[PDB]
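Take a look at the structure below.
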Amino acid sequence: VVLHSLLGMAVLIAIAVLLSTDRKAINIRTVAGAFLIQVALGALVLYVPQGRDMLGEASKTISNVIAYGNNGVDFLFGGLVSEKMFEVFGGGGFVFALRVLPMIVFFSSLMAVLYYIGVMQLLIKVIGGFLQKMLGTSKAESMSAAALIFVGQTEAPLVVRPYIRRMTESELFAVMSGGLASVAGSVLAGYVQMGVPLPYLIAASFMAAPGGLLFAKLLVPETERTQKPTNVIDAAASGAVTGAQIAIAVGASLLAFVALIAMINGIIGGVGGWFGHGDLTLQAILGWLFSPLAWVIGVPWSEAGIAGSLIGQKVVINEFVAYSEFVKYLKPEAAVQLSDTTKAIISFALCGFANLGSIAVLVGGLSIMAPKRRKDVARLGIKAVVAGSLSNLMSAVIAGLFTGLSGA
Amino acid sequence: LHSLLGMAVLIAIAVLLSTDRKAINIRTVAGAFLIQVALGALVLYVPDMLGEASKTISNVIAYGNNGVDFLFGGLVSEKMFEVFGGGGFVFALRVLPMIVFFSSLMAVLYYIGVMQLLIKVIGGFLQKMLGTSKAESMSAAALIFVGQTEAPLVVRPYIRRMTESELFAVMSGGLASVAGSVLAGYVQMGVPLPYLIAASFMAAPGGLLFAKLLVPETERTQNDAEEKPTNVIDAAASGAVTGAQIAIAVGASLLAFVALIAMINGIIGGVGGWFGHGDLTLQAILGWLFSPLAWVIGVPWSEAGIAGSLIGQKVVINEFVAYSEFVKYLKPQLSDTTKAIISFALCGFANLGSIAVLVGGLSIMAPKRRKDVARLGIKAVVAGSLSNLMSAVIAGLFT
Amino acid sequence: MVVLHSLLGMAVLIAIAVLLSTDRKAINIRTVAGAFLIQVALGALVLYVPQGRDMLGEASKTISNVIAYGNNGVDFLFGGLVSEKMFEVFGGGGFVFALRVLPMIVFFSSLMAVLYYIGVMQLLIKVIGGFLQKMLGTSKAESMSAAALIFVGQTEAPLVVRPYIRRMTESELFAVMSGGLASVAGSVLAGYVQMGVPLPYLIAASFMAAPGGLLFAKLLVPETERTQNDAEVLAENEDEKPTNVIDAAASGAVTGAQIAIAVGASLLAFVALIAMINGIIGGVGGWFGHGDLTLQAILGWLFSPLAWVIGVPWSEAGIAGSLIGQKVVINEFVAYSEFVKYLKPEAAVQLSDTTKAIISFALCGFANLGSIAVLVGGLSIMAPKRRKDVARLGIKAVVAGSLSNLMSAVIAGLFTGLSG
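Put into structure tokens, the structure is as follows:
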């Protein structure tokens, strides 16, 4: 099993070098260094016991946080989320809008607070310093990843924006990549309340950033030379409301994507008959397309069908859909069994922003800051989505590597 | 025999309130009427097409409820009824998201290129036969396919300098049309879907009619407009968002006006309190106000007052609340001809809140045009209403 | 039945004001003692003397009926989810703050849009503003503002100040600011109602707030400069207006919506955060040996004197302290949220009628630490050059409005101490 995953790594990086603009002029120190850091964090939080403990403790912490969040919701929306629902609607009583989305809100608030007091800025400074020192990468991109872990896509530019101006091509592509692989606080919390394993998610962010910069450099190394809230309360407020527009954005976007995909399965299911298939879903199709990719990453075939199914069902669409069909396999009243290693690899791989929509999310949101580069950015959009994708897939592979411990 | 006279009376009234008696093309208006009624029989009297189409978009709506059942889960499931009752039908959750969906759906269809095609075809047709401006045709097309809120998203290039006519045409045309929101909401309410599809096709060109009656055209049109959806997914997303927040707006507005009119019930009861008459209701006042016209459309004096309150509420409140009180008058008087008549009469979303919308957004795309749009709202309601009424009497004709 | 303690309260408050004030001398006693006297005058008018009490009744039931029209609107929109059946099922948790309240915010927003458009508000405003400007020594503008802040808060733009603010004097500016921070907009008032908070007390709060606003305004930073009034305006482009009554109802409604969402999200955030902090202090306190400690009790322990001063008896001073504290350091809504749970008999703690009154007034206003940034942000758009001077005055402003409410409360303690 070990050499299978090692193989996986080799394959991914291979794909990278293939698609990479410049196959040479890759500084090995920077790259394999970053990589080594990635697998290092993986082994650290996963393999050795102290890792499992500290990680679990993290889960304890922000699960308490989230619990505060649902205290909030329990206040705002009242008993509509209470334990009485399950005695009624049962397995349908879980309201994805009233429960999940508000955590997006709350976290947007909290994260805004953490800008304000300066905690985020502090840690970003630290980890950024770590990256710039160990690899030798430019300051702004390291910092960019650093925040990209911890904060939303709207509050991410707060640090990066002044640097973007004279930013090189590599640096920019690193901003994009790190932005694609990483997941915001808000969406993360959402992922929690959806039922998705937390510890793995944490691991997935902390892997996401360095992997982000890893493929960001691999694809396109650098040629040329490098270079408001009043009081806390207000910060909390602006964070909340910003979180509101974000919330509605997500929720609506999801209803859309789901219903559309349903329609598409209506039609494809239809033409299946012309070709002689009574029933077919888009899911299964993607499951055919990305299955091999699911084999490379180390997942056993029998479950790799569904693995590739879900990965593909992320990339071409988005994450929340994917997880929302994952929890069907998670909640154990079903008969469909999924191996531990499978649950892991999927859990990581589906953690990321990488999709088709995220391109325009970025190009658009980055336009108001430095519109001069809008063309270039749009040009690097797809390759960047590839970067983020490869990052999350690598992380997933690192998961698959470590069998020492078992999932929930 | 009462029908024809009725139609004549409607067109009469419209003219009576119309600005210009010029209307240099009567072939356009009478021809339009001709198109309305012709298609009316075409989907009714003569024989495949309509059945398959109707059930098709029926399945579409089912996709919608799959989306919602995802997002809002149990709350929109059927258990509510065993819990609450018919009062357990939750509008906000059940309906507005459909707006989100149909919106997204458009954007997708625009990116793949279907709506350009459909609207090009139908638009080309109408403007060819009845010989008018193309814009109104376009909007009308979308108004067959989608509803009032989603419609304006196409006409943004042509809105600037709309020659004040095309503008009113889109206004009214929207107001009468049923697709998306009002359509889905209707289906969920349970009123038969295919009859409503027929109502949709029947609603659009009628708008063209009455609009062309009130405010004809002069000035040049075609050339106009001297951020992009990028790929397909982003199109779906962006569309979803825009539609969504539009839906929020819609809901808010609805609650607003409904509430205000209730406030007016309080006003009437208040004044009439010391007037000694007392307990006089807007339901009753409009009940006797639109009653004569309710007689005009061919519905007998028997069961007229019903249409008085219902239509009244359609003008001021909406056709929804009016539909609720309608089905309240259904199961005990209601005559079948008056049933169908008041039914399609109850079809169309045109109201105060409706023009509130299509003034608001349409304004947002044309700020210098704002005063000019908002100035026409009520008369527009008149137009679209009378359109659905033409549709109504026509429904009476095949009864 | 001595209730001299009350006068002592008025004394301490006004005292703190004067002390904190910038220019001692410049205070014009006619203006300040005037405003104060109007505040207490109304205090007696709507409480002690039965006539105004009756009037207050009429108004109460009136807007209560308006509110009923609101709930009918809701009952259409969100349907049976707010119907009675929830209680038979979801019980005491069946009361859904997102469903029960925020819509009323929207509705009143549309209403007040209609009442600007038709012109009722403009007229009433011009009356009250006329009154205050003629009697005591305020300028035209600040008076009209303080008038309109009873009926409409900075939620919807006051827009009587639009020509005036740009190039307006320090004391005047601080008078608008404090004015706003003193009162409650209509919509949020409705919210306060549906939460169960007593209505008439709130009405009295809205009316008492303005003159008190001017009280502490002119106390803290008196008028050192030259008023303008009818002299020179050069107003802009007939503003930007609603077209007809309809588009009014709309703009006001939708505005009411994004306001609703704003409030909802904000409260989610705030409640949860406070729970979090309660976690931290809970733990640390657990190390010092206090297992049970919260932001609340700390605040009550901090604001207790202010509690005893305003006429609240000591026993209840802890609670009044915690509440008013949450008014100042967080916002008013949260405060009420913890408050109403003391208004139902099913709840353990009982509060003396006088105390209920007093607190119920004191928490009425936008005075908090967020409304500074809100003001600055909304105010700058009208007058960009002014922003600096504004932010300079934000804090002193919050103090002002806060104290204004406090005076109001004291008054209530006295007169409801009598009539009851």
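Residue numbers (the deposited numbering), protein chains in the order written: chain B, 2 to 228, 241 to 421; chain C, 4 to 50, 54 to 232, 240 to 345, 350 to 416; chain A, 1 to 420. Even for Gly, the Cβ is constructed at its ideal location relative to N, Cα and C.
Residue i: first and last residue of the uninterrupted alpha helix (DSSP H) it sits in
i                   : result
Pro200 (chain B)    : 199-220
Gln258 (chain A)    : 245-288
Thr355 (chain C)    : 353-362
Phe90 (chain A)     : 85-90
residue 1 (chain B) : Nothing can be reported for residue 1 (chain B): it is not among the residues displayed for chain B, which extend from 2 to 421.
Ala320 (chain B)    : 314-328
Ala383 (chain B)    : Segment: none, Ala383 (chain B) is in no alpha helix (DSSP H) and carries neither H nor E.
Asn368 (chain C)    : From DSSP, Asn368 (chain C) is part of no alpha helix (DSSP H); its letter is neither H nor E.
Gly191 (chain A)    : 186-194
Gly413 (chain C)    : 394-414
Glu332 (chain B)    : 332-343
8 angstroms Cβ cut-off: residues of chain C touching residue i
i                     : result
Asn72 (chain A)       : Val271, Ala272, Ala275
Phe97 (chain B)       : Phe76, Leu77, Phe78, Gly79
residue 240 (chain B) : Because residue 240 (chain B) lies between 228 and 241, and chain B jumps straight from the first to the second, it has no atoms in this structure.
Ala335 (chain B)      : Within chain C, no residue comes near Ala335 (chain B); the closest Cβ sits about 13 angstroms away, beyond 8 angstroms.
Within chain B, partners of residue i - CB distance below 7 angstroms
i               : result
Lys85 (chain C) : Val89, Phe90
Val66 (chain C) : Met276
Three-state secondary structure (DSSP) of residue i
i                : result
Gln296 (chain C) : helix
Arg226 (chain A) : coil
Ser178 (chain C) : helix
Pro242 (chain A) : coil
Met104 (chain B) : helix
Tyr164 (chain B) : helix
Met1 (chain A)   : coil
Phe95 (chain A)  : coil
Chain B residues whose Cβ lies nearer than 9 angstroms to that of residue i
i                : result
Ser110 (chain C) : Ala265, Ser266, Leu268, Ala269, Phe270, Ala272, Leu273
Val254 (chain C) : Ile261, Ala262, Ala265, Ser266, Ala269
Listed by chain order, chain A residues near residue i by CB distance under 7 angstroms
i                : result
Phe107 (chain B) : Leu268, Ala269, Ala272
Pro103 (chain B) : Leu268
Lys388 (chain C) : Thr243
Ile372 (chain C) : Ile246
Beta-carbon neighbours of residue i, restricted to chain A and to distances below 8 angstroms
i                : result
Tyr69 (chain B)  : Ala272, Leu273, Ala275, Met276, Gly279
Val188 (chain B) : Within 8 angstroms Cβ-Cβ: nothing; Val188 (chain B) doesn't reach chain A, min ~17 angstroms.
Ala257 (chain B) : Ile261, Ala262, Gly264, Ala265
Proximal residues of chain B, C-beta to C-beta of residue i below 8 angstroms
i                    : result
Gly94 (chain A)      : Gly79, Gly80
residue 51 (chain C) : In the model shown, chain C runs from 50 to 54 with nothing in between, leaving residue 51 (chain C) without coordinates.
Residue i Cβ short of 7 angstroms to ligand 1 heavy atom set
i                : result
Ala367 (chain A) : Absence of ligand 1 from the depicted structure is noted, as is the absence of any ligand whatsoever, leaving it without description.
Proximal chain A residues relative to residue i, where beta-carbon distance stays under 9 angstroms
i                : result
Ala250 (chain B) : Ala262, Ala265, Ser266, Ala269, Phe270, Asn331, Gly370, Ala373, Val374
(Q) My parser needs the alpha helix (DSSP H) runs of 4 or more residues fully inside the segment 14-79 of chain B; what are they? (A) 29-47, 50-77
Q) Three or more beta-carbon pairs under 8 angstroms between the segment 268-280 of chain C and the segment 127-140 of chain C, yes or no? A) no
Q: Report yes or no: do the segment 6-26 of chain A and the segment 196-206 of chain A share at least 3 C-beta pairs separated by less than 8 angstroms?
A: no
Q. What are the start and end residues of each continuous alpha helix (DSSP H) run of 4 or more residues lying completely inside the segment 106-146 of chain B, in chain order?
A. 120-135
Q.
Would the segment 365-373 of chain A count as touching the segment 348-357 of chain A if we require 3 or more Cβ pairs under 8 angstroms?
A. no
Q: Could you tell me whether the segment 28-47 of chain B touches the segment 333-351 of chain B, where touching means 3 or more Cβ pairs closer than 8 angstroms?
A: no
Q.
Contact between the segment 390-404 of chain C and the segment 259-271 of chain A is defined here as three or more beta-carbon pairs at a separation below 8 angstroms; is this criterion met?
A. no
Q: Specify whether the segment 323-330 of chain C and the segment 157-173 of chain C touch according to this definition: at least 3 beta carbon pairs, one from each stretch, less than 8 angstroms apart.
A: no
Q) Would you say the segment 99-118 of chain B touches the segment 248-261 of chain B, given that touching needs at least three Cβ pairs under 8 angstroms? A) yes
Q | Inter-stretch contact (C-beta, 8 angstroms, three-pair minimum) for the segment 174-189 of chain B and the segment 142-151 of chain B | A | yes
Q.
Taking 8 angstroms as the cut-off, does the segment 211-225 of chain C touch the segment 16-35 of chain C (at least 3 CB pairs, one atom from each stretch)?
A. yes
Q) For the segment 376-391 of chain A against the segment 402-415 of chain A, are there 3 or more C-beta pairs whose distance is under 8 angstroms? A) no
(Q) Measuring CB atoms only, is the segment 89-101 of chain C touching the segment 73-83 of chain A, in the sense that at least three cross pairs come out at less than 8 angstroms? (A) yes
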